[PDB]
RNA sequence: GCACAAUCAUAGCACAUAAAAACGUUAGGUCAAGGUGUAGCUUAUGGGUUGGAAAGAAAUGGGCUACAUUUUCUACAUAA
Ligand SMILES: [Mg+2]
Ligand SMILES: [Mg+2]
Ligand SMILES: [Mg+2]
Ligand SMILES: [Mg+2]
Ligand SMILES: [Mg+2]
Ligand SMILES: [Mg+2]
Ligand SMILES: [Mg+2]
Ligand SMILES: [Mg+2]
Ligand SMILES: [Mg+2]
Ligand SMILES: [Mg+2]
Ligand SMILES: [Mg+2]
Ligand SMILES: [Mg+2]
């Protein structure tokens, strides 16, 4: 299994965004311009509204990979502030050490 | 306003950029 | 033919021996492909379909099925300037992008004619 | 600003591969949508969470095959065995509320 | 049945060549190293821990395979692969008049399974403008054609290409930019007369 | 006239590693490399030297059995050069209905190959001179009366070429 | 006393293609600690003095990346734990290189690189002029 | 009170290793890191991949060598090949030790698509540094 | 023996800062980082989709802006 049901939902959201990445790109290319006449832009808006909900990259939540914490995580290690400390205090993370200055 | 003609295919065939 | 492979396995049985040196370990792993190709180059194994720069930067040859004086050129020249400066996409991957635009614009014909500007 | 400089910049943009005709900053966005990779395509985005199911099934199958020794699952099975021997176990699906 | 074998230290010869036991990077097995080394913080009444069972000597990267004798013996067999640099270019004053084109190429290495580094596509071109056949009008047009890519103090044109995926493609595209920037600087159009 | 350009030297990817390996000879007081360098694992006798290597190969093949039996746990590729040596091997044929396409997969992978010719001839499918040659080689590599029952089927069924007969 | 005979069997060919030239080859090796970088600098300079390359070595300024995290688990923000990531740099500047000499140097250099350090190789390729700029008129 | 990576002092009879006898504020001062890679540098990438791979190696070896592991693993990462240095107690016969090392040397390689090395240093007992 | 001290870090010393601070007190905070002993749910206290989670009668803690002339605006290193 996964760490949590919300992480199981977030991996599905990321897969759906990876599947619908290019279509949303080509649709946004029709809305983020001013050269095209405004008639087709509303149809492109209805097309992008007809897409599945879990397809937009805004629904993804960068949770921890270890404990699936939605907050307090670092982007470099994808670890929460607690697991990162638990692994850095044991000397299992290279170059990481207590700051003393 | 006024637009200039840019020789693209000629430069490509010249400098092997086709 | 099966007999040549059956004769090659007997050569492999005698040529193969337990490793006696770490140098022979890396020699064998490099000939098999495990060790990296030294000196290491960050493009080893990737040829991008053998394409050159004139397949990436120059994309105007695909805009022939589009109106030259309409706003389609003003709009598509921007996507071509983006695809020319997109190093992450392949020369094949840019083609279905321009073809998706070629298909969408030629499918939605009524709005382009009701917009007041003529487009083909 | 003179016509000579406008033409020089227009031909410099043509030779360098930038936008030739003057376009607005709001319309310059579609150039950026294609010059870079989208967010949903990045390896740091679509490969964020590793496949936890692969690790879990691999380690559990190796434990059942007798190569890996999972002390956490063994502790869970020990406590579950002692709970079922005490008498409070897991009810059957379909008889908890009614039966 | 338990067996405890003594290490190689009792059998190591005092004149035995060292590179024979450490040809490549090794995890510093204490049984094959005859040097008694004590690593670790000592106790107020004790001494630093010995090499046996010492994780401190196992955490650090050992250079036992890179001793002076082994590196000399390695490069003496590597002398056959390299070529001799022509002494006709000892000073850069002759290198600037012989090879005025400079190609800055970057290469990276990192421990891991992946090799693709997005900073590898960057290829830099440096050409001194005092070594070309530009005339007065061709130069005065090329300066305003490149803009800030060419400096006035050092008089060096710099080309920074990153659009192509491959490094060879970025190199060919930079040379293509150099060719078009040298060619289109000689063409006088109709809008130049004003 | 003064600029001198030397010639380049092209060597194999492992030639320089062989030139580095030529410098170091075999040590006297050191055990073979395939054994662990720890004294508790160094082989004492020759039967021990044989048994340690055989136990190590037994664990290698036991791990490869798990890799081949559960391929889905290793389909994810992380190395960019895409090494094929560490990818799982498949024992199943792709096409099962087509009698022509069902044998080219099974000949390369004994007892199951014997049923392929019967399941192809059940529908009276015409086998060419190139299909049954490898099938006969699959019996001549592995495999007294079943060989006669197979030898009558290569000759009596179709006029096969003698180059694919004697071999 | 049991020394093998005929141990050197290299395969070195000389192709008719002109060997590539290099003006300046910079090797910037970055690491966490200073001792490994110092021993690696000693090893690289001793490997360069034997091939006769006249390497130059200097030490770029270090970079310390520090950050702050919460000390407790649930609620304690006045007390924090600050972590640190030191990055030390070592620059090896090689000059007057050739295409195969740089390859034979980076071969003995990269294969023996430690585990905790990385390396940035910047090569200044030497070229005379392309074909369409020698003496063209459009 | 600080409690991270800190073994509490008992009456004076517990055996502790050199890695456990030092608080985490002594890393890079008196003790070093159990893993070495390049992802934790300044301008490098792919760090979380190495962290999760390292934690998987730890949790895998803890189950592969049960009760006979002396201390934590040393995961060295150098040029596409990953070395695992372990300290093991002489509880298992070498006939089984070689089976285990040969099994892991190929399982980890086929799981991570990269060459792995596995080295075992066997000790008679857990090395005591402080009071015992 | 653990603390204190010494040492280490803020790339030279000294100072300072940082770091460290044992055994225990407050059944102090955290089952909601994560796992968990005990007791409870299993066609539900479990798993999915859509839409809403206001608002201030009022009190109060911490901050920013000020209440100007040692001020405000403009160009600008501080002589307008
Ligand atoms: Mg949970
Ligand atoms: Mg968000
Ligand atoms: Mg000091
Ligand atoms: Mg003091
Ligand atoms: Mg303090
Ligand atoms: Mg103190
Ligand atoms: Mg309470
Ligand atoms: Mg409470
Ligand atoms: Mg819980
Ligand atoms: Mg609760
Ligand atoms: Mg308030
Ligand atoms: Mg506050």
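Read the figures in this text as sums done on the coordinates, not as results from a lab. Cβ atoms come from the backbone with ideal geometry, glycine included; neighbour counts cover every protein chain shown.
Looking at H:39, H:43, H:67, just one residue is more than 24 Å from residue H:106 (Cα to Cα), surrounded by fewer than 21 Cβ atoms within 10 Å (Cβ to Cβ) and more than 16 Å from RNA strand I (Cβ to nearest atom), and that residue is H:43. Out of F:81, F:39, which single residue is within 14 Å of chain C (Cβ to nearest Cβ) and surrounded by 16 or more Cβ atoms within 10 Å (Cβ to Cβ)? From the options F:81, F:39, the qualifying one is F:81.
Which residues, counting only those in the stretch F:91-128, are in a loop (DSSP other than H, G, I, E, B) and within 25 Å of residue F:67 (Cα to Cα)? Answer for the stretch F:91-128, where residues must be in a loop (DSSP other than H, G, I, E, B) and within 25 Å of residue F:67 (Cα to Cα): F:91, F:92, F:93, F:94, F:95, F:96, F:107, F:108, F:109, F:110.
Filtering the stretch F:1-35 to residues that are in a loop (DSSP other than H, G, I, E, B) and either more than 13 Å from chain C (Cβ to nearest Cβ) or within 18 Å of residue G:15 (Cβ to Cβ) (or both) leaves F:1, F:2, F:3, F:4, F:5, F:6, F:12, F:13, F:28, F:29. Scanning the stretch C:57-72 for residues that are part of a helix (DSSP H, G or I) and either within 9 Å of another protein chain (Cβ to nearest Cβ) or surrounded by fewer than 18 Cβ atoms within 10 Å (Cβ to Cβ) (or both) returns C:60, C:61, C:71, C:72.
Residues considered: D:42, D:21, D:7. Of these, the only one that is within 16 Å of ligand 2 (Cβ to nearest atom) and either over 28 Å from the mean Cα position of the chain (by Cα) or surrounded by 16 or more Cβ atoms within 10 Å (Cβ to Cβ) (or both) is D:42.
For the stretch H:93-132, a residue qualifies if it is within 10 Å of chain F (Cβ to nearest Cβ), in a loop (DSSP other than H, G, I, E, B) and at negative phi, and the qualifying residues are H:93, H:114, H:115, H:124.
Of all the numbered requirements in (1) surrounded by 12 or more Cβ atoms within 10 Å (Cβ to Cβ); (2) away from chain A (no Cβ under 14 Å), residue G:78 misses one, and that requirement is (1).
Number of residues in the stretch A:1-10 that are more than 16 Å from ligand 2 (Cβ to nearest atom) and either at the interface with another protein chain (Cβ under 8 Å from one of its Cβ atoms) or in contact with a strand residue (DSSP E or B) (Cβ under 9 Å, 6 or more places away or on another chain) (or both): the value is 3.
Tell me yes or no: at least one residue of the stretch A:83-97 is out of contact with any strand residue (DSSP E or B) (no Cβ under 6 Å at 6 or more places or on another chain) and within 16 Å of ligand 2 (Cβ to nearest atom). No: the stretch A:83-97 contains no residue that is out of contact with any strand residue (DSSP E or B) (no Cβ under 6 Å at 6 or more places or on another chain) and within 16 Å of ligand 2 (Cβ to nearest atom). Scanning the stretch G:83-96 for residues that are closer than 30 Å to residue E:92 by Cα and more than 7 Å from every other protein chain (Cβ to nearest Cβ) turns up G:89, G:90, G:91, G:92, G:93, G:94, G:95. Of the residues D:88, D:29, D:93, the single one that is away from ligand 2 (no atom under 16 Å from the Cβ) and at the interface with another protein chain (Cβ under 7 Å from one of its Cβ atoms) is D:29. The criterion of at least 2 residues that are within 16 Å of ligand 1 (Cβ to nearest atom), facing another protein chain (nearest Cβ under 7 Å) and surrounded by 22 or more Cβ atoms within 10 Å (Cβ to Cβ) is met by none of the helices (runs of 4 or more DSSP H) falling completely within the stretch A:16-101.
Every test in (1) closer than 20 Å to residue D:37 by Cβ; (2) in contact with a helix residue (DSSP H, G or I) (Cβ under 7 Å, 6 or more places away or on another chain) is passed by residue C:88 save one, and that test is (2).
Just to be sure, is residue D:71 more than 7 Å from every other protein chain (Cβ to nearest Cβ), away from ligand 1 (no atom under 16 Å from the Cβ) and surrounded by 13 or more Cβ atoms within 10 Å (Cβ to Cβ)?
Taking the combined requirement at face value, the residue does not satisfy it.
Of all the residues in the stretch E:167-176, those that are crowded, with 21+ Cβ neighbours inside 10 Å and either facing another protein chain (nearest Cβ under 7 Å) or closer than 14 Å to residue B:15 by Cβ (or both) number 4. Annotation note: Cβ proximity below 9 Å between a residue of the stretch D:77-99 that is closer than 20 Å to residue D:64 by Cβ and a residue that is more than 6 Å from RNA strand I (Cβ to nearest atom) (sequence gap 6+ or interchain) occurs for D:80/D:89. If we scan the stretch E:50-61, do we find a residue that is on the phi > 0 side of the Ramachandran plot and either at the interface with chain G (Cβ under 9 Å from one of its Cβ atoms) or surrounded by 14 or more Cβ atoms within 10 Å (Cβ to Cβ) (or both)? Checked the stretch E:50-61: at least one residue is on the phi > 0 side of the Ramachandran plot and either at the interface with chain G (Cβ under 9 Å from one of its Cβ atoms) or surrounded by 14 or more Cβ atoms within 10 Å (Cβ to Cβ) (or both).
Restricted to the stretch D:87-97, and to residues that are near RNA strand I (Cβ under 6 Å from one of its atoms) and surrounded by fewer than 10 Cβ atoms within 10 Å (Cβ to Cβ), which residue is farthest from residue H:59 (Cα to Cα)?
Initial filter on the stretch D:87-97 (near RNA strand I (Cβ under 6 Å from one of its atoms)): D:88, D:90-91, D:93-94, D:96-97.
Next, only the ones that are surrounded by fewer than 10 Cβ atoms within 10 Å (Cβ to Cβ) stay: D:88, D:90, D:93-94, D:96-97.
On the way: D:88: 32, D:90: 29, D:93: 34, D:94: 38, D:96: 37, D:97: 40 Å.
Checked the stretch D:87-97; the qualifying residue farthest from residue H:59 (Cα to Cα) is D:97.
In the stretch F:144-158, the count of residues that are under 24 Å from residue F:97 (Cβ atoms) and within 22 Å of the chain's Cα centre (by Cα) is zero.
For the stretch E:72-92, the count of residues that are surrounded by fewer than 19 Cβ atoms within 10 Å (Cβ to Cβ), at the interface with another protein chain (Cβ under 7 Å from one of its Cβ atoms) and touching a strand residue (DSSP E or B) at 6+ places or on another chain (Cβ under 7 Å) is nonzero. For residue A:55, the conditions (1) closer than 15 Å to residue D:47 by Cα; (2) within 16 Å of ligand 2 (Cβ to nearest atom); (3) touching a helix residue (DSSP H, G or I) at 6+ places or on another chain (Cβ under 9 Å) are fulfilled apart from (1).
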